[PDB]
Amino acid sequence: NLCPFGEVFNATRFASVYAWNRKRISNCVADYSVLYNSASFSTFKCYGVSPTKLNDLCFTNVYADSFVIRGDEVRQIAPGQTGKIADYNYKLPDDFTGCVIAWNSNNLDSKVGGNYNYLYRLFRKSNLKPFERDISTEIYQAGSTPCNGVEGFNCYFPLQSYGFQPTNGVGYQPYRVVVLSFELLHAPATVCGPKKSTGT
């Protein structure tokens, strides 16, 4: 049948960027224009593909990665970018083929005192590889003194909370991100646009 896109975009729960979610879209027909027509998206950036030609294309593997970041970090989701989110939370490949979609979610993911249940990693010994996910809770050793497993001098817990308050600036307001990854191999297709599909 049709691809489960509303399940990804309209999901009742979004993950923290450090524990970003992934869904495979497979054995389905993908109506992309219903998402590209929508005027609800602050960002719709496609790399290596065209938002229109997608409906006349077929792909071997398609992944939808979802998470929540703040506005000023949406620029980091693009390929070849640097920063805490790109280096330590969600890295895109330089050969990335797919679209990055974002929308302001202040009405859902913000509370007056602050919604602190959305986390990010600001400390890591190495940079993430493309599409790696790090959900470790180990204390980070920012200096030469070992940490002995507890937070202290130059020994930090590597996760902090976005404080999402409705009065914040848009650059500090929560943004929900969905990343469509498109992969074409010499192998059977699992997702095809409608222009290459048969519907009874």
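Numbering starts at 1 and runs along the sequence shown. C-alpha atoms forming the largest set that superposes within 1.5 Å between two forms make up the rigid core.
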item	value
RMS CA shift, core-fitted in 4 other deposited structures of this protein, bigger for 137-145 or for 40-48	137-145
Which of 170-178 and 49-57 strays further in 4 other deposited structures of this protein - Cα RMS after rigid core alignment	49-57
66-74 versus 26-34 - which carries the larger mean C-alpha B factor in the record	26-34
142-150 set against 57-65, stretch whose average Cα temperature factor tops the other in the entry	142-150
Relative C-alpha B-factor of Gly83, binned into the chain's lowest, middle or highest third	lowest
B-factor third for the C-alpha atom of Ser16 within its chain	lowest
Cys46, C-alpha B-factor rank within chain (lowest, middle or highest third)	highest
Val100 - Cα temperature factor, lowest/middle/highest third of chain	lowest
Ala39, C-alpha B-factor rank within chain (lowest, middle or highest third)	highest
